[PDB]
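A quick write-up on the structure given underneath.
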Amino acid sequence: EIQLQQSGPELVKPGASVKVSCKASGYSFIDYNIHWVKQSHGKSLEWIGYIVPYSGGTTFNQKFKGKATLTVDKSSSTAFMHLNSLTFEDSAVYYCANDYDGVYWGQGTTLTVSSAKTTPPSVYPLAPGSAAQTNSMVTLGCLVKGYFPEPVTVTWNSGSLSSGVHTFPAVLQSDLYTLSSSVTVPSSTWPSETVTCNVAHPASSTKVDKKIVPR
Amino acid sequence: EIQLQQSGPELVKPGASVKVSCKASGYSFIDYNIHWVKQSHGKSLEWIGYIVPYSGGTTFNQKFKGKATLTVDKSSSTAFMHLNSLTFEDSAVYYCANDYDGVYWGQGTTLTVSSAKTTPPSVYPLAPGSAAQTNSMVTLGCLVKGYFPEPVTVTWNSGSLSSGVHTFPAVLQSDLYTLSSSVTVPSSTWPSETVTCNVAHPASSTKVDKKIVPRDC
Amino acid sequence: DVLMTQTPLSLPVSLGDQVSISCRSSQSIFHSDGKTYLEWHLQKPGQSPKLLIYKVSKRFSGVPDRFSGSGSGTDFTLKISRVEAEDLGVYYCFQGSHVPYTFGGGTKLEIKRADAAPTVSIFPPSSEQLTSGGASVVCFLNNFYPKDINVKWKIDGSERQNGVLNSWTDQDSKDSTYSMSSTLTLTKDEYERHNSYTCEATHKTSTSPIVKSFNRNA
Amino acid sequence: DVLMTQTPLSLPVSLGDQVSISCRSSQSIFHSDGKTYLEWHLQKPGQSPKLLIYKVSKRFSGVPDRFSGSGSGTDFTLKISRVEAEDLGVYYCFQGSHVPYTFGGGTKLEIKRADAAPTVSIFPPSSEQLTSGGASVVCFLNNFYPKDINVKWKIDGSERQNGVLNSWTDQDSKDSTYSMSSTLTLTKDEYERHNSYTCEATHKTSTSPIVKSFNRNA
Ligand SMILES: Nc1ccc(CNC2=[NH+]CCCC2)cc1
Ligand SMILES: Nc1ccc(CNC2=[NH+]CCCC2)cc1
């Protein structure tokens, strides 16, 4: 089978440089072109350019001339993309792709450019306040604020509560991330039984539990 | 803070119409409903209906269809209730209220419907039949009959006699008001010392003094 | 129309007592939202009502914890665990689940005090009123407790109900008693046709009726 | 540069129905070798794109026959004979005829279903957060359809647009609805300077605004 395996996620400071790898297997690497693509905000796709492995010749999108440098290591069947003088606008997901019998895509590499330091999240339980309806269902929440970098894993009752859960994508605010999660349960369950939001943040070796307590 | 301020008291003639206002402040007016309530004789509460500010849609108590018209002025965050083709039965206290995180009430607007003209009261002294049992404590009174409109002020000995006084709420009889006031004093003070009820009726600029003298009559 | 019934009509309490008021609907008050829109309001004399509890058991913003509400289907209860001076007034329940929305008749909380016998005084018409062609006979029943009292007027031994107007004071702020005035209005001629006028009251404080009377020709 | 324009931007579809997506180029994408380099890719959330069709009508290895491509010059069309659950995602057209190679803006396919009003919940700041000098007010607007919705924050009746952070989830796989979270972040001081907090939503499912509020004291 044909596979294009890219290097893992990168976190780099502004002004530095980074190298993204694209290892090819399953076909004659040296004979087909390798293209690079940028996807910003999980929407817009932009073609950066391509390299002809045998000659080292490259063709670029003028917009990326200077920003990206393309090379290849013939011996190991790997293509590389160097991004230089990094700015915040360079944060995105980058993909390599080839032009073999159609097009095969790499799995992508997430690049995050920031000056922020690893910061554990503050976890706040969200219980209904002054009147939130004495009826049928009750919605509880958990606010995970001010962490860096992504990702965080949020579970309810250590994963026991899966139905009725909505965990929202994190948003960037003041250079740090913030996300929320809601869980809806029968009001015969809470506050009679304990409901806890569990938050894990691997980067800071953080594991926090916060019971949702009334009032 | 959240407030609903209503317009002032009204005295109107039967057959006319009146507009009661209810100004809201402290929250986004367009987001909550405005209800209207009637309270007759300071006892029974009746729901009239409500209006949805945004759409102008209304839901009424069938009993008040035609009688009340509800509107709203979005720009000034004010709700209005128009009472039409007034009759004596429309005399009451009207309240506006909203459904914001529970219920907030306006202070109320008193409406009085009458075709009566300003009439000063006739003041009559009430003395016990010659003498009521004789000695200890004696009760005297003052009858203030046939006046309009409210109110009247009744004092005893220019306010000197304040203890032992009972002034009863006015009652409507023949479209005019009638009220009574009693004062209790030691039997050793009356009839030896004078006791006078002072009655004032602002509306007619009437001021009368009536000294209470023995013998029923 | 869903009728709301409140019991009792009046409840004498002592400051510090724990009371429970009842409110019942002639039909179930469950609304489509799956909820029960039942409210409890408190109204003090000369003031607009104030919300205490809504949605059967939710306390309104700023309402002290001494107020508690419960119930279901057609039976609801408002509980005050420790009556304070600010709690005296008329309590009204309200249903907002079925149009037209309706209120209960009200439950009045009053101060309980020792029994007090009424001081009854009767007054024949003044000479001044007779000159105008009118004749009002007045009876004052002052400073009594409890409030329950029955007053009858008798002219020449016969009970007279027409032409009688009564007015009551609210519970006194100083001694917690009640007072009442009963007025019998007649014309000069009609007053001149009879001789015996009686104001008779029945109250808890006396085993027999309390009577005050006078004869015209005296 | 050759601009690629896709229409529609989003397309509510029903499983089993036939759908067609359009892609137009600002100029001809015919290449001097006699071939037209137009491709269609499909990208599911969290995954890399996958090629469906290349050279206008050639199906990539493994792609089901329900996918067909046609067109020439500047107008191209992708057709799915009988849409299946696994076909949902964002479709992108791409031209590889003229440098720089360009992509269209994408067309998102979602499941069509009946309208659903959002279930709104509002939450005052947690006690723990306040002790750090921060106050986040959170509003959840859950399980609604369609996705178009406008959320406004009103403090003491005044609209507040600064400090608001919104986040949306993708279409739910179970009920095909959307959910949104709106957070209003203030300083502890700012929060204490106001009493009324309202999360207001405008949605197709209700004539009047859908709201949830709370007061800072209760
Ligand atoms: N379903 C519903 C009905 C009425 C209300 C407001 N309650 C009121 N309390 C008493 C009169 C003023 C309005 C809210 C929701
Ligand atoms: N003339 C030509 C241009 C591009 C390609 C490859 N197509 C790609 N699809 C999208 C981005 C990755 C490269 C093949 C031939």
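Scheme for the structure tokens: letters A, B, ... for chains in order shown; per-chain residue numbers from 1; ligand numbers from 1 in order shown.
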>> With 8 Å as the limit and counting only C-alpha atoms, what residues in chain B lie close to chain D? Please list them as a PyMOL selection string.
In response: chain B and resi 1+25-29+31+52+54-55+100-101
Got time to write the residues from that selection, N, CA and C atoms, as an mmCIF file, in the first residue's frame?
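Result file follows (out.cif):
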data_model
loop_
_atom_site.group_PDB
_atom_site.id
_atom_site.type_symbol
_atom_site.label_atom_id
_atom_site.label_comp_id
_atom_site.auth_asym_id
_atom_site.auth_seq_id
_atom_site.Cartn_x
_atom_site.Cartn_y
_atom_site.Cartn_z
ATOM 1 N N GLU B 1 -30.985 47.756 39.100
ATOM 2 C CA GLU B 1 -32.143 47.018 39.676
ATOM 3 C C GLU B 1 -33.328 47.063 38.718
ATOM 4 N N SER B 25 -37.383 49.141 33.475
ATOM 5 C CA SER B 25 -35.972 49.519 33.482
ATOM 6 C C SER B 25 -35.162 48.444 34.208
ATOM 7 N N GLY B 26 -33.887 48.317 33.843
ATOM 8 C CA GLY B 26 -33.016 47.341 34.487
ATOM 9 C C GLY B 26 -32.799 46.014 33.780
ATOM 10 N N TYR B 27 -33.468 45.820 32.649
ATOM 11 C CA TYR B 27 -33.353 44.589 31.861
ATOM 12 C C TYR B 27 -33.802 44.924 30.440
ATOM 13 N N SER B 28 -33.590 44.007 29.497
ATOM 14 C CA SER B 28 -33.995 44.257 28.118
ATOM 15 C C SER B 28 -35.491 43.997 27.970
ATOM 16 N N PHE B 29 -36.236 45.094 27.915
ATOM 17 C CA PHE B 29 -37.688 45.093 27.793
ATOM 18 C C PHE B 29 -38.273 44.135 26.761
ATOM 19 N N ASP B 31 -37.306 41.379 25.742
ATOM 20 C CA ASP B 31 -37.141 39.957 26.041
ATOM 21 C C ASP B 31 -38.169 39.263 26.910
ATOM 22 N N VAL B 52 -46.683 40.253 24.194
ATOM 23 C CA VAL B 52 -45.317 39.870 23.839
ATOM 24 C C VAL B 52 -44.794 41.120 23.132
ATOM 25 N N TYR B 54 -42.048 41.979 21.458
ATOM 26 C CA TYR B 54 -41.488 41.871 20.116
ATOM 27 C C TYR B 54 -42.507 41.813 18.994
ATOM 28 N N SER B 55 -43.450 40.886 19.105
ATOM 29 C CA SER B 55 -44.473 40.673 18.087
ATOM 30 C C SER B 55 -45.747 41.488 18.255
ATOM 31 N N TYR B 100 -39.846 38.107 34.288
ATOM 32 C CA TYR B 100 -38.389 38.032 34.332
ATOM 33 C C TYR B 100 -37.912 37.271 35.568
ATOM 34 N N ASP B 101 -37.253 36.131 35.338
ATOM 35 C CA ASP B 101 -36.683 35.276 36.391
ATOM 36 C C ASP B 101 -37.596 35.251 37.624
#
>> What residues of the protein or nucleic acid chains come within 9 Å of ligand 2 when you use only C-alpha atoms and all ligand atoms? Reply as a ChimeraX atom specification.
In response: /A:33-37,45-47,49-50,95-100,102-105 /D:31,36-41,49,51,54-55,93-99,101-103
>> Could you pull out the strand (DSSP E) residues of range 81-184 of chain B, going by DSSP on the backbone, and write them as an MDAnalysis selection string?
In response: chainID B and resid 81:83 92:98 104:105 109:113 122:126 137:147 153:156 165:167 171:173 176:184
Residues near residue 137 in chain B, anyone? I mean within 10 Å using only C-alpha atoms, not counting same-chain ones fewer than 5 positions away, as a PDB file with C-alpha atoms, in the first residue's frame.
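This is the output file selection08.pdb:
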ATOM      1  CA  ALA B 132     -74.229  56.179  77.932  1.00  0.00           C
ATOM      2  CA  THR B 184     -62.916  57.560  73.612  1.00  0.00           C
ATOM      3  CA  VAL B 185     -62.096  59.792  76.585  1.00  0.00           C
ATOM      4  CA  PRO B 186     -62.328  59.584  80.408  1.00  0.00           C
ATOM      5  CA  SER B 187     -65.845  60.379  81.638  1.00  0.00           C
ATOM      6  CA  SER B 188     -64.295  62.975  83.953  1.00  0.00           C
ATOM      7  CA  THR B 189     -63.229  65.029  80.909  1.00  0.00           C
ATOM      8  CA  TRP B 190     -66.465  65.170  78.895  1.00  0.00           C
TER       9      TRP B 190
END
>> I'd like the neighbourhood of range 195-202 of chain A as a ChimeraX atom specification, where a residue qualifies if any of its atoms comes within 10 Å (using only C-alpha atoms), though same-chain residues fewer than 2 positions away should be ignored.
In response: /A:119-126,140-144,147-159,161,181-183,185,189-193,204-213
>> Set the distance at 10 Å and use only C-alpha atoms: which residues neighbour residue 58 in chain B once local chain neighbours fewer than 6 positions away are removed? I'd like the list as a count of residues only.
In response: 10
>> At a cut-off of 10 Å, using only C-alpha atoms, what residues contact range 5-22 of chain A? Leave out same-chain residues fewer than 4 positions from it and give the result as a VMD selection string.
In response: chain A and resid 34 36 67 to 72 77 to 91 93 to 97 105 to 117 149
Those same residues, written as a PDB file, in the first residue's frame with C-alpha atoms?
ATOM      1  CA  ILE A  34       5.707  15.814  -3.869  1.00  0.00           C
ATOM      2  CA  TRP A  36       2.799  20.703  -0.022  1.00  0.00           C
ATOM      3  CA  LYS A  67       8.812  31.253   3.560  1.00  0.00           C
ATOM      4  CA  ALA A  68       9.134  27.592   2.557  1.00  0.00           C
ATOM      5  CA  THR A  69      12.154  25.590   1.402  1.00  0.00           C
ATOM      6  CA  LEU A  70      11.623  22.160  -0.168  1.00  0.00           C
ATOM      7  CA  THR A  71      14.163  19.333  -0.242  1.00  0.00           C
ATOM      8  CA  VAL A  72      14.261  15.550  -0.442  1.00  0.00           C
ATOM      9  CA  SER A  77      12.460   8.229   0.416  1.00  0.00           C
ATOM     10  CA  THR A  78      11.612  11.313   2.479  1.00  0.00           C
ATOM     11  CA  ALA A  79      10.578  14.823   1.449  1.00  0.00           C
ATOM     12  CA  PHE A  80      11.090  17.816   3.743  1.00  0.00           C
ATOM     13  CA  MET A  81       9.537  21.252   4.021  1.00  0.00           C
ATOM     14  CA  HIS A  82      11.406  23.919   5.987  1.00  0.00           C
ATOM     15  CA  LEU A  83       9.344  26.902   7.154  1.00  0.00           C
ATOM     16  CA  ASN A  84      11.528  29.867   8.089  1.00  0.00           C
ATOM     17  CA  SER A  85      11.161  33.085  10.134  1.00  0.00           C
ATOM     18  CA  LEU A  86       7.944  31.825  11.714  1.00  0.00           C
ATOM     19  CA  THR A  87       5.086  34.186  12.561  1.00  0.00           C
ATOM     20  CA  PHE A  88       1.687  33.569  14.157  1.00  0.00           C
ATOM     21  CA  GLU A  89       0.121  33.443  10.684  1.00  0.00           C
ATOM     22  CA  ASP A  90       2.172  30.299   9.983  1.00  0.00           C
ATOM     23  CA  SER A  91       0.186  28.298  12.552  1.00  0.00           C
ATOM     24  CA  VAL A  93      -1.985  22.144   9.433  1.00  0.00           C
ATOM     25  CA  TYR A  94       0.440  21.272   6.631  1.00  0.00           C
ATOM     26  CA  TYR A  95       0.044  18.330   4.274  1.00  0.00           C
ATOM     27  CA  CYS A  96       2.309  16.687   1.744  1.00  0.00           C
ATOM     28  CA  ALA A  97       0.779  14.870  -1.211  1.00  0.00           C
ATOM     29  CA  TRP A 105      -2.266  12.629   0.998  1.00  0.00           C
ATOM     30  CA  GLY A 106      -0.114  12.581   4.125  1.00  0.00           C
ATOM     31  CA  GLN A 107      -1.979  12.638   7.465  1.00  0.00           C
ATOM     32  CA  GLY A 108      -1.004  16.251   8.116  1.00  0.00           C
ATOM     33  CA  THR A 109       1.236  18.011  10.638  1.00  0.00           C
ATOM     34  CA  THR A 110      -0.087  20.636  13.044  1.00  0.00           C
ATOM     35  CA  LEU A 111       2.214  23.622  13.545  1.00  0.00           C
ATOM     36  CA  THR A 112       1.603  26.066  16.398  1.00  0.00           C
ATOM     37  CA  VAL A 113       3.673  29.249  16.584  1.00  0.00           C
ATOM     38  CA  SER A 114       3.472  31.047  19.951  1.00  0.00           C
ATOM     39  CA  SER A 115       5.619  32.545  22.728  1.00  0.00           C
ATOM     40  CA  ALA A 116       3.364  31.108  25.451  1.00  0.00           C
ATOM     41  CA  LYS A 117       4.750  28.747  28.083  1.00  0.00           C
ATOM     42  CA  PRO A 149      -0.772  23.994  24.725  1.00  0.00           C
TER      43      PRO A 149
END
> Excluding same-chain residues fewer than 6 positions from residue 62 in chain C, what lies within 9 Å of it counting only C-alpha atoms, as a PyMOL selection string?
Replying inline: (chain C and resi 52) or (chain D and resi 217-218)
Give me, as a tab-separated table, the closest atom pair and its distance (Å, one decimal) for every residue of chain C within a cut-off of 10 Å of chain D, counting only C-alpha atoms, rows sorted by chain and rising number.
residue	atom	partner	partner_atom	distance
C:59	CA	D:218	CA	8.7
C:60	CA	D:218	CA	7.7
C:61	CA	D:218	CA	4.9
C:62	CA	D:218	CA	5.9
C:63	CA	D:218	CA	8.1
C:64	CA	D:218	CA	9.6
Written selection (N, CA, C and O atoms) as a PDB file, in the first residue's frame:
ATOM      1  N   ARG C  59     -37.425  29.769  45.022  1.00  0.00           N
ATOM      2  CA  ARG C  59     -37.495  31.029  45.750  1.00  0.00           C
ATOM      3  C   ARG C  59     -37.047  32.161  44.836  1.00  0.00           C
ATOM      4  O   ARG C  59     -36.041  32.049  44.135  1.00  0.00           O
ATOM      5  N   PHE C  60     -37.824  33.236  44.836  1.00  0.00           N
ATOM      6  CA  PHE C  60     -37.546  34.420  44.031  1.00  0.00           C
ATOM      7  C   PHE C  60     -36.331  35.163  44.600  1.00  0.00           C
ATOM      8  O   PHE C  60     -36.066  35.103  45.800  1.00  0.00           O
ATOM      9  N   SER C  61     -35.595  35.860  43.737  1.00  0.00           N
ATOM     10  CA  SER C  61     -34.413  36.610  44.155  1.00  0.00           C
ATOM     11  C   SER C  61     -34.683  37.535  45.339  1.00  0.00           C
ATOM     12  O   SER C  61     -35.637  38.321  45.326  1.00  0.00           O
ATOM     13  N   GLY C  62     -33.851  37.412  46.371  1.00  0.00           N
ATOM     14  CA  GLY C  62     -33.992  38.253  47.548  1.00  0.00           C
ATOM     15  C   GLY C  62     -34.972  37.782  48.604  1.00  0.00           C
ATOM     16  O   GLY C  62     -35.163  38.464  49.615  1.00  0.00           O
ATOM     17  N   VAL C  63     -35.601  36.632  48.379  1.00  0.00           N
ATOM     18  CA  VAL C  63     -36.557  36.088  49.337  1.00  0.00           C
ATOM     19  C   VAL C  63     -35.828  35.238  50.376  1.00  0.00           C
ATOM     20  O   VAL C  63     -35.146  34.269  50.029  1.00  0.00           O
ATOM     21  N   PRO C  64     -35.973  35.589  51.671  1.00  0.00           N
ATOM     22  CA  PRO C  64     -35.325  34.859  52.769  1.00  0.00           C
ATOM     23  C   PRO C  64     -35.627  33.365  52.765  1.00  0.00           C
ATOM     24  O   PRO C  64     -36.683  32.929  52.306  1.00  0.00           O
TER      25      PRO C  64
END
